[PDB]
Amino acid sequence: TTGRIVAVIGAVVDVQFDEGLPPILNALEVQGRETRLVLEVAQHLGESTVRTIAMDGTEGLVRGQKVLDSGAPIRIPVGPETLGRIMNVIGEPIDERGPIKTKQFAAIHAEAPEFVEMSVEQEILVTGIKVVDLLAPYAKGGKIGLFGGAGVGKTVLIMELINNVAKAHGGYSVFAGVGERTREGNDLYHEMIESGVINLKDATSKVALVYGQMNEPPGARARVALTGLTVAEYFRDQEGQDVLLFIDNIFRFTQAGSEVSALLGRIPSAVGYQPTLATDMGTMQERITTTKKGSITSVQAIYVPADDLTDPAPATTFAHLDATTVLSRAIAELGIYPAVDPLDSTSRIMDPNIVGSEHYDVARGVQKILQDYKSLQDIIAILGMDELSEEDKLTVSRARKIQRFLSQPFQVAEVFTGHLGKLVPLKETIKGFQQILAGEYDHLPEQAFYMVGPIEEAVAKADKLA
Amino acid sequence: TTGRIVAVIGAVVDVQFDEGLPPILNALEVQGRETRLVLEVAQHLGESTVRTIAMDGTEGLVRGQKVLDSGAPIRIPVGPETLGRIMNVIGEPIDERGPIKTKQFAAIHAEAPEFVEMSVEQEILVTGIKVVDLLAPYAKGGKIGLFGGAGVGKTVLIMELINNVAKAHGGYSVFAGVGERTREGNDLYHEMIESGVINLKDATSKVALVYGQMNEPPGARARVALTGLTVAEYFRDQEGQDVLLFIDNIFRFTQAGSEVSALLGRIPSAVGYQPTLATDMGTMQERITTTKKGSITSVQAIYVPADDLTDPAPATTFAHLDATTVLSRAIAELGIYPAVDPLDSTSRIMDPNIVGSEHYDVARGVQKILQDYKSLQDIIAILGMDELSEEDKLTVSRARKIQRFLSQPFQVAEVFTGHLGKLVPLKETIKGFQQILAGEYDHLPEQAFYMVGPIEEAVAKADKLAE
Amino acid sequence: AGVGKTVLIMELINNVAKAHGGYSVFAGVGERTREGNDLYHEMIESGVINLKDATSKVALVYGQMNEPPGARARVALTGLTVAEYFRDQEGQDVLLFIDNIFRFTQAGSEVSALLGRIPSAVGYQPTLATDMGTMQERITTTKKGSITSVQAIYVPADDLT
Amino acid sequence: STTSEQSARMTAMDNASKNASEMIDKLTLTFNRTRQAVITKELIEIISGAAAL
Amino acid sequence: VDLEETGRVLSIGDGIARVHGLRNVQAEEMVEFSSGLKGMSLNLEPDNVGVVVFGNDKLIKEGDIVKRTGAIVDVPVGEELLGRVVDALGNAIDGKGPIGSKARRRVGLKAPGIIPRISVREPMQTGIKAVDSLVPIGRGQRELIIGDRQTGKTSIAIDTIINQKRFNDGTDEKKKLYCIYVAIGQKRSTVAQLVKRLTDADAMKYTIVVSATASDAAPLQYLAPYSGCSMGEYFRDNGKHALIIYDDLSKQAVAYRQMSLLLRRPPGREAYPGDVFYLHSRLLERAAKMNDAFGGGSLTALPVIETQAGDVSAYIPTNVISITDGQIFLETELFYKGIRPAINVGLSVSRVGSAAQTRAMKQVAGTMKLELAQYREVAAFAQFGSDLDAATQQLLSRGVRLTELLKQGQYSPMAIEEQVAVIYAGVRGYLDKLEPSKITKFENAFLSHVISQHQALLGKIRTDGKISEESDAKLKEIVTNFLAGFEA
Amino acid sequence: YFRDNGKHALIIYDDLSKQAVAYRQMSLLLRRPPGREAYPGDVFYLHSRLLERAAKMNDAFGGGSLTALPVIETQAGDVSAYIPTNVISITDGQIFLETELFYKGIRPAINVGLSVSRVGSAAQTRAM
Amino acid sequence: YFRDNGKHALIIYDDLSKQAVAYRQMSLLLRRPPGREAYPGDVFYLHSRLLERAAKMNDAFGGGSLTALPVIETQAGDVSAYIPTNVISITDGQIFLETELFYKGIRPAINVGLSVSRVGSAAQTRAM
Ligand SMILES: Nc1ncnc2c1ncn2[C@@H]1O[C@H](COP(=O)(O)OP(=O)(O)NP(=O)(O)O)[C@@H](O)[C@H]1O
Ligand SMILES: Nc1ncnc2c1ncn2[C@@H]1O[C@H](COP(=O)(O)OP(=O)(O)NP(=O)(O)O)[C@@H](O)[C@H]1O
Ligand SMILES: Nc1ncnc2c1ncn2[C@@H]1O[C@H](COP(=O)(O)OP(=O)(O)NP(=O)(O)O)[C@@H](O)[C@H]1O
Ligand SMILES: [Cl-]
Ligand SMILES: [Mg+2]
Ligand SMILES: [Mg+2]
Ligand SMILES: [Mg+2]
Ligand code: NA
């Protein structure tokens, strides 16, 4: 029944039990705290002692301090009442609005859907962002990953996708803040109150918020991702509804895993990571999916440490995705925003059978002329554009005009750019790049294509210059 | 004396003895097994216990299971009755032709020949391979090493050496298949039966096969190299005969050591290897040698992990070799087979006092024109060909033809090339690279030198490319 | 060496002793015993060292390369203490020649390794900044006087970073 | 033509000197970061295997 | 105190149960915990047994009994697995009735030695022109697929399975090939989409899908290639031919590393165990070609490995290259340029060679592999616009248009004769005068024409397995008259 | 103290590179498993929990603030290094000072194109 | 002995790279702490002890000498590797040999720019 703390180091706390040993993943309540301190059992060490990971700071803990078995994992409130509310790792309300009076609860450790429950139908989801729609478009109910280094546009991008999709999407949403900035949470909350998607007066809110940010200790950041799922898993299964699942940032799940694993005393893997990097990611990521019973469209922001995509954290994440929007600092420094790599971003619906043969040819044509331009970069870096042949200069001039037409002003980034926000439909996205490849604007300049919506604005911008 | 198993973690097995504790290197026979399972004593842990490594798989072993000590290391068949037969690491037939009919056995562990036993003869051994004979030729009674990364032609080369040298050879031979492909063992075995080098009926077989392939656990691969050379050691000393000792691949001896090193309770050395890399290589490699009592011409294939020649395994191997043939993926990528690096392969016999000055001066002339071209390549890729002097672009054109004339279609590699196999004599090799250096074929085109035997075929092929 | 490095050192000893009235100290942190011989006798022949009378302008402190890591680690502190006398007790503006400062870092990296401490980036001791800092902060100005210090920098792999 | 040519080459090769100069700086720093990474990463492997027996 | 057949758990954590007792347990033996989960006894130590857990370790607790099976790990085997999706222990996971096969086989069996085998000769047709011509695969061969993410690795495997339908609907037993696809570490939606692809082309009926996904425990991912291998080895030993695809062994190596690290085995290079080479060597060696004395069956392997930044000269790629009989290296540079499949010609090899091809393909693609390697050397050399002789500009003219022929779409694998027909036009020199951009248009028009009218000629190459001097004269007449139409 | 008393404080960590080195020293002496540049896994968390405490409180809490200006020292302009990206990923923008600009005479040597302020325009007067 | 008893001597260590590997093997299997490239902390102490014993004696102790010509095998031209870094700094001068010079025709393949003798002219005759 009752337990006693025997050792404490950071987030890792060992607890001995005289009678009745608690199983792995069970939440344990520490007796005698102002706030609620949950310890989650990670291992059984032997001699009636279990190793646990704390969900809040372990400062103040003394050896011999009483600990109770809750008799289940970390259970949270799930239901319609979670909408318009903020909650931490353990389901406590953190918006100063009292209890979250739901009818049900749900454990944050549920097993992922089996192979039998998998949907195979891939329907396109129009974003309004040209590079995405053109080259690596998202699918409804698909897994979407946004890879990016420090300060290159992950949060700007995921907030643009909330603006375009979530309002047009007649259905519920979930935003899980995993190890990013607490002030960005404040920005989201009060944006969503003012916009209407959260309603303090009414119960008409379309978004449920979950938050365990970079001020939280590692055990919290490691589980807060799972708390966000469990809310979205209710709306998928227990209501049969279409769901949006925004996660910024899912790197912090694996980073936090590296922090606890060090203190758990394991032998590390490559680049100082936990040896369970792939399996921890697996049990988490396979729950983020579209089953037979309901649809989750999941946009995950993915931090890339030191701009290195070969790092184990991002490297493993690729496999768990249906579309990948890979950002770039190199592309960001040249002024192209959003700073997407058109040669490193992919989607599994980029198929002439799915998107139609006109779409596919224009996408692969753009990637060909971009890749041809990339191969000349050693020669252009030294001597310049002028030293190339007439055939080579023509491909460069088109590719640079393509690269700039791949840029677009975002509605969320109006303060940074200055230009008015644009949302280009799929018909004019294909048509614009189709004309440029044919060579209908070889006479027009490059900067006319920089930060414009449809291809019509590229002609209008060019006429004012002359 | 009888002992008992106390621990089993992978290939490493600990055994405890009440009374008679067996020494290091002794083979211990495991009881209660359908097939024979040897454990060689590697260390003494203390408390009447010894640590061993298994020559076969450890699956099925139970703690407290009985283990007898042979009172000797792994003793295997040696003598002319081994010829034609395929052995494994512990000296059993794996060819299904009854027992090895001999009544004399030799331990696989033995001290290497002393300094007084060393010979200093080093006459050339002409392979018929242009690049090898020209730039870094092999010596009879000398140690030869074929370096290379994964999939650049080490086996294709070593089989061609067996094709060219071993068939026209009076003495015996030994092919030690250490930790490579069982498929390639099958290919070789039936190819030698075809050519009559192995004969299943009479006792006229020249080659004695020994195999412990990558299907086996580390104990097998760590010792089958020793097994194979103990057969060659009998043919050296006791017979007094020229032995050819082919090994493929001798990296696997060192690799197999690195697999168990962790479980033997050792701190790792640089790049994950055992601390005992050079000393373990030394007591093995020093036995593979020519002595007063007999001549061994030893060809050894040497794997190079991640194509990095600085890797501890291949880095240590260089010093043990009289001639080195270093292969490159960069050269193989361009179709240049055999993909030998002409500015990296070397030999001891490359001296004007040994191979004559006319040979020597042409070999350095080829290395110079290739080395000068290697520096230019990166400069003239950006700044263009037309910035070069007429003296330079002469040496560029000649270098590119010389690169192609170093390529050669092997007979063993006919299934990959699509060209007939060719053996080029040493006289026509030297003359070929002499003429190209002097500029006697500057008028002829580039691709005529690619993948032909002698220099004459380039002239004929050049006329064929006209139409 | 071979660009008047030892000549520049001796003149700085000569000139600072004349004008400011401040003696100097040479700390051979990993001194090559052959070059310890040459520096000693070149200082004698010039005049900065004097063997017959007490007009010597340098104290010499050698921690030679054939000595263990403990020796080369602490020999900089030994010569630093000789300078601390002239600053604190007698109010001088002192010179402290350290040759070589990389060998002070290197000797510290050897000691840290021997004690069983786990190395940092590029093999250096985890206490690299503190080992440097505890030495360098003593080389400073006080109200009594100062200890200025010329330090021989060896850049490994021609890499400033 | 030639008075323009020598001016145009002098200009372009002055830019080719400056571009190559900045590429040396970029590459030299990438060489060193990789140099230090290889020494660090190799040392982590040795320490990881040594503190696991 | 009978702790011989039974034993108590001392500690459980990260899928590593430490079991007191079990004195009479064997090494690598299956055991069973109180809760019903299975474990494997990989570490036998003096005072405990290190048992790796097949499943979620929440079900295991301290003081739980661990009973012996008395048997090494083993999986179901037979024809009933065909058309079914299973997991690492052969348990059905596709919403259908369970695996009702009577025969059974061990997972960790050693590969056949020298005598059971015979050299590779029977072709294993992928239906992909770049593979079948340049780096040909034979029955019993092991050909690695390798490259960066999204370079088309799995796609090479899919078409290779779908190509076997043509053979499998026929009556000849030695003509058939029963496929296997082992999914290690992928997500369930991707493997579900892959099974949907095979069922649309009717490929599932002769295909066994083994799925150890990311959510499954590390032991199941570790075991899954060995389990699927034993399902293929049934076909091999009973005189039938089988294919197996390990997709992928990089994800398997991560799973094996996790087990090994958590069993406190000191890691070697890049945190992987010392025996990470041996992990893949013992798996792939089991794929082989058996002689007539052992039934004359075979197992062909197609492992997959992921590289980082296109580096084939890395520790783990080179390990798997050093096991397999050649490889098919793909590049992202070539992928986006339009070269699809994006096979690097020089870096890719095949170690059986023309022995694994038909006589027809051996004629038209006899010296094509080496010629295309020299083309990329010469094309990259003369990037600058200088003057060149007629022999080198011919090599460039030839090499460009041979590359355009080897381009090929997916979900439509070609028969050996139809490959021989289209390669004829390029290699015999009929394409040389045409523009590079119109070569793909030429091929489609030429292929649909020979399918329409000349079914006797294509049929005669399929029946004979060669190009006769009669068929050479027919193709010569067809292509020349076809070329004059296209050039106008 | 000033933040949670309705007043406004400014803090300057000079510099967090040196603090990280000190924490690496403590971490490596504790025998904790290192990674990039021998730093531990919680070297990000070291700076993240520090800079998170710089905040702007609401009127209900007092309306106070703590403003943070942490300092980082890069090697040859390498913003993509571990610790620079770690602190870039925490803060609300950067002021990049380029060495080439300092050499010419552009002082203070602020690179304009690289430097960003993420919540800047809102906290800037209508006049400026 | 030759040095002490009036005479002059020349010693060649061929090579110290292989000596260091032998000493490393002992230090790793005695479980002494592995540093850079797995070598122990006293590897510099090892080679510096050896090389310093070569010396030019004065007339009082004899006038004799011992001259050291140690050998160091580098890997891919990396003179900054741990053991090469040690023996370079210990010794009075270096004769750098390179692979590109050797096959260019420069034989012996000595790099003039990088090779150095710190003794220099003092060990030359007026003719030279
Ligand atoms: N589409 C865009 N238009 C204009 N500016 C942009 C855009 N995207 C990013 N930026 C700029 O880049 C800055 C950082 O972008 P952000 O969305 O924070 O990327 P991030 O990768 O989430 N940052 P971090 O969490 O610190 O790694 C913004 O404050 C903008 O100044
Ligand atoms: N021959 C081909 N022609 C045209 N497109 C192709 C071809 N092969 C593959 N693709 C496309 O390339 C993409 C990647 O193919 P896939 O076979 O999944 O590569 P992969 O390396 O297995 N992917 P992953 O394992 O997730 O890194 C898919 O979108 C395919 O449609
Ligand atoms: N001389 C050659 N001529 C033609 N093709 C060759 C030649 N050498 C190698 N190849 C090709 O490349 C393949 C690899 O050759 P192989 O001798 O097996 O390399 P290896 O270095 O022994 N590989 P491994 O033992 O796995 O490290 C051959 O099977 C051929 O397809
Ligand atoms: Cl001669
Ligand atoms: Mg962000
Ligand atoms: Mg080989
Ligand atoms: Mg794939
Ligand atoms: Na865009």
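Residues numbered from 1 in each chain as written, not as in the entry; some residues may be left out. Chains lettered and ligands numbered in written order. Part of a larger assembly, values for the part shown. Heavy atoms only, no water.

If you check the PDB entry, chain F appears there as ATP synthase subunit alpha, mitochondrial from Bos taurus. The title line of the PDB record says "Bovine heart mitochondrial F1-ATPase inhibited by AMP-PNP and ADP in the presence of thiophosphate".

The name that the PDB entry assigns to chain C is ATP synthase subunit beta, mitochondrial, with the source organism given as Bos taurus.

Next up on the list: the overall build of chain F. What chain F contains, in helices and strands, is 4 helices and 4 strands. Ordered by position in the sequence, the α and β elements of chain F form the string β-α-α-β-α-β-α-β. Dimensions of chain F, computed from C-alpha atoms along their principal axes, come out at roughly 50 × 45 × 20 Å. For chain F, with 128 residues in total, the buried portion stands at 41%. Sequence separation of 24 or more characterises 57% of the internal contacts of chain F that already satisfy a separation of 6 or more. Accessible surface, chain F: about 7,700 Å² in total, of which carbon and sulfur atoms supply 56%. On chain F, the mean spot of the 14 positive side-chain charges and the mean spot of the 12 negative ones are 4 Å from each other. (Helix = DSSP H or I, 4+ residues; strand = E, 2+ residues; numbered from the N terminus. Buried < 20%, exposed > 50% of the residue type's maximum accessible area, 1.4 Å probe, protein only. Contact = heavy atoms within 4.5 Å. Areas by Shrake-Rupley, 256 points an atom, 1.4 Å probe, with all protein chains shown as cover. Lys, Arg positive; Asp, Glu negative; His and termini not counted. Charge placed at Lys NZ, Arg CZ, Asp CG, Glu CD.)

Before going further, it helps to examine the nonpolar core. With 149 residues, the main nonpolar core has E:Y246, E:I328, E:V364, E:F442 and E:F446 as its most contacted residues. With 9 residues, the single largest contributor to this core is helix 5 (residues 218-237) of chain E. If near-sequence neighbours (up to four positions away) are discounted, E:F446 is found in contact with E:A421, E:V422, E:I478, E:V479 and E:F482. In this structure, B:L146, B:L188, B:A363 and E:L370 belong to the second largest nonpolar core, which totals 80 residues. (Core = buried A, V, L, I, M, F, W, Y, C linked by side-chain atoms within 4.5 Å.)

All names here are of chain B. Within the element layout of this structure, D248 appears in the loop between strand 15 (243-247) and helix 5 (251-261). Here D248 is buried and forms no salt bridge, its nearest opposite-charge partner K154 lying at an N-O distance of 6.9 Å. In contact with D248, not counting residues within four places along its chain, are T155, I158, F175, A176, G177, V178, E180, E184 and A301. (Salt bridge = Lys/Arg side-chain N within 4 Å of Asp/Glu carboxyl O.)

What follows deals with the pairing of strand 1 (residues 2-9) of chain B. Residues and elements named next belong to chain B. Among the 8 residues in strand 1, 6 count as buried, and that is most of the element. In the sheet, strand 1 pairs with strand 6 (residues 66-69) via 3 bridges, with the strands oriented antiparallel. Pairing of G3 across the sheet is with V67, part of strand 6. Where strand 1 and strand 2 (residues 12-16) come together, 5 bridges link them in antiparallel fashion. The residue of strand 2 that forms the bridge with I5 is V15. (Pairing = 2+ DSSP bridges.)

Next up on the list: helix 12 (residues 390-406) of chain E. All names here are of chain E. Taking 1.5 Å of rise per residue, 17 residues should cover 24 Å, and helix 12 covers 25 Å from first to last C-alpha, within 8% of that figure. Burial in helix 12 covers these residues: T392, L395, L396, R398, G399, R401, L402, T403, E404, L405 and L406. At the N-terminal end of helix 12, a side-chain oxygen is found 3.0 Å from the backbone nitrogen of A391, two or three residues along, and the residue is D389. (Expected span 1.5 Å × (residues − 1). Polar contact = N/O pair within 3.5 Å; in protein donor to acceptor, adjacent residues only side chain to side chain.)

This part takes up the site of ligand 1. By nearness alone, 20 residues border ligand 1, and A:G153, A:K154, A:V156, A:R181 and F:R118 come closest of all. Of the chains in the model, those with residues near ligand 1 are chains A and F. Between ligand 1 and A:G151 there is a distance of 3.2 Å, counted from an oxygen atom to a backbone nitrogen or oxygen. With respect to ligand 1, the backbone of F:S89 contributes an N or O atom lying 3.4 Å from an oxygen atom. The element contributing the most residues to the shell around ligand 1 is helix 2 (residues 154-168) of chain A, with 3 residues. (Near = heavy atom within 4 Å.)

Time to look at the interface of chain E and chain B. Listed as interface residues are 73 residues of chain E and, on the opposing side, 73 residues of chain B. Between chain E and chain B we count 7 salt bridges in total. With its nearest N and O atoms 2.7 Å apart, the salt bridge here joins B:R404 to E:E377. Counting every contact that joins chain E to chain B gives 32 residue pairs in polar contact. Residue assignment for the side of chain E that touches chain B shows that the elements contributing at least two residues are strand 4 (38-44), helix 7 (276-285), helix 8 (315-323), strand 17 (349-350), helix 11 (368-381) and helix 12 of chain E. Tallied by class, the residues present in the side of chain E that touches chain B amount to 33 nonpolar, 24 polar and 16 charged. (Nonpolar A, V, L, I, M, F, W, Y, C, P; charged D, E, K, R; others polar.)

Around ligand 2, 13 residues are found, and the nearest of them are E:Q150, E:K153, E:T154, E:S155 and E:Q410. Nearby residues place ligand 2 at the junction of chains A and E. E:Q150 is positioned with one of its backbone polar atoms (N or O) 2.9 Å from an oxygen atom of ligand 2. Summarising the interface, the protein chains cover 80% of the accessible area of ligand 2, which totals 640 Å² for the free molecule. The element best represented in the shell around ligand 2 is helix 2 (residues 153-162) of chain E, accounting for 3 residues.

Turning next to the UniProt feature "binding site: ADP" in chain C. All names here are of chain C. According to UniProt, the "binding site: ADP" feature falls on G2, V3, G4, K5, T6 and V7. With respect to the helices and strands, the residue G4 is situated in the segment before helix 1 (5-19). Among the residues examined, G4 registers a relative accessible area of 37% and is labelled partly exposed. Secondary-structure assignment places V7 in helix 1. (UniProt positions renumbered as here; feature names shortened; annotations may be inferred.)

Let us look at the sheet that holds strand 18 (residues 346-347) of chain B. Residues and elements named next belong to chain B. Taken in spatial order, the 8 strands of this open sheet run 8-14-13-15-16-12-17-18, and their pairing is mixed. Two strands bound the open sheet, and with one partner strand each, they are strand 8 (86-87) and strand 18. As paired elements, strand 8 and strand 14 (residues 207-212) share 2 bridges and run parallel to each other. Bridge pairing in strand 14 places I86 opposite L209.

Moving on, we come to the UniProt feature "binding site: Mg(2+) 1" in chain C. Residues and elements named next belong to chain C. Here the UniProt feature "binding site: Mg(2+) 1" sits at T6. Its location among the elements puts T6 in helix 1. Here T6 falls in the partly exposed class, since its relative accessible area comes to 28%. Non-local contacts of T6, meaning those with residues more than four positions away in its chain, are made with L39 and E42.

This part is about the sheet that holds strand 4 (residues 146-151) of chain C. Residue and element names in this part refer to chain C. Read across the sheet, 4 strands follow the order 2-1-3-4 without closing on themselves; strand pairing throughout is parallel. Each of the sheet's edge strands pairs with one partner strand only, and the pair in question is strand 2 (58-64) and strand 4. Geometrically, the sheet is characterised by an average inter-axis angle of 15 degrees between neighbouring strands, direction not taken into account. Two strands pair when backbone bridges link them, and strand 3 (residues 93-99) and strand 4 are joined in this way by 6 bridges, in the parallel orientation. Residue pairing for strand 4: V94 is matched across the bridge by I147. Against the sheet, helix 3 (residues 69-88) contacts strand 1 (24-31), strand 2, strand 3 and strand 4, and its axis sits at roughly 180 degrees relative to strand 1. (Axes fitted to C-alpha atoms, helices over the stretch in contact; angles between N-to-C directions.)

So, about helix 11 (residues 390-406) of chain B. Taking 1.5 Å as the rise per residue, helix 11 of chain B with 17 residues should run 24 Å; its terminal C-alpha atoms sit 24 Å apart, in good agreement. Within the sequence span of helix 11 of chain B, burial applies to B:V396, B:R398, B:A399, B:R400, B:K401, B:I402, B:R404, B:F405 and B:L406. Buried-residue contacts for helix 11 of chain B involve helix 1 (130-135), helix 10 (357-380), helix 13 (426-438) and helix 14 (455-464) of chain B together with helix 11 of chain E. The distance from a side-chain oxygen at the start of helix 11 of chain B to the backbone nitrogen of B:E391 is 3.3 Å, and the residue carrying that oxygen is B:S389.

The next point concerns the pattern of salt bridges. In the structure shown here, the tally under the stated rule is 115 salt bridges over all chains. Its salt-bridge partner being E:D14, residue A:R266 comes within 3.1 Å of it at the nearest N-O pair. Note that A:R266 is positioned in the loop between helix 5 (251-264) and helix 6 (277-285) and E:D14 in the loop between strand 1 (7-11) and strand 2 (16-21), a pairing that runs across two chains. A:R266 gets classed as buried once you look at its relative accessible area, which sits at 16%. Linked by salt bridges that have partners in common, B:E180, B:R181, B:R183, B:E184, B:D187, B:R252, E:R117, E:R142, E:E285 and E:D325 make up one network.

So, on to the packing of aromatic side chains. Working definition: an aromatic ring pair is given by the centre-to-centre distance plus the angle between the planes. Tallied over the full model, the rule gives 36 aromatic pairs over all chains. The interplanar angle of 15 degrees and the centroid separation of 6.1 Å between the aromatic rings of E:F442 and E:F446 together place this pair among those described as stacked. With E:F442 and E:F446 both in helix 14 (residues 439-452), this residue pair falls 4 residues apart, about one helical turn. The same class applies to E:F442 as to E:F446, namely buried. What links up through ring pairs into an aromatic cluster is the set A:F405, A:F433, A:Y441 and A:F449. Note that G:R24 overlies the ring of G:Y39, its terminal NZ or CZ placed 4.4 Å from the centroid. (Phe/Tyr/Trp six-rings, centres within 6.5 Å; stacked < 30°, edge-to-face > 60°. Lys NZ or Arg CZ within 6 Å of the ring centre and 35° of its normal.)

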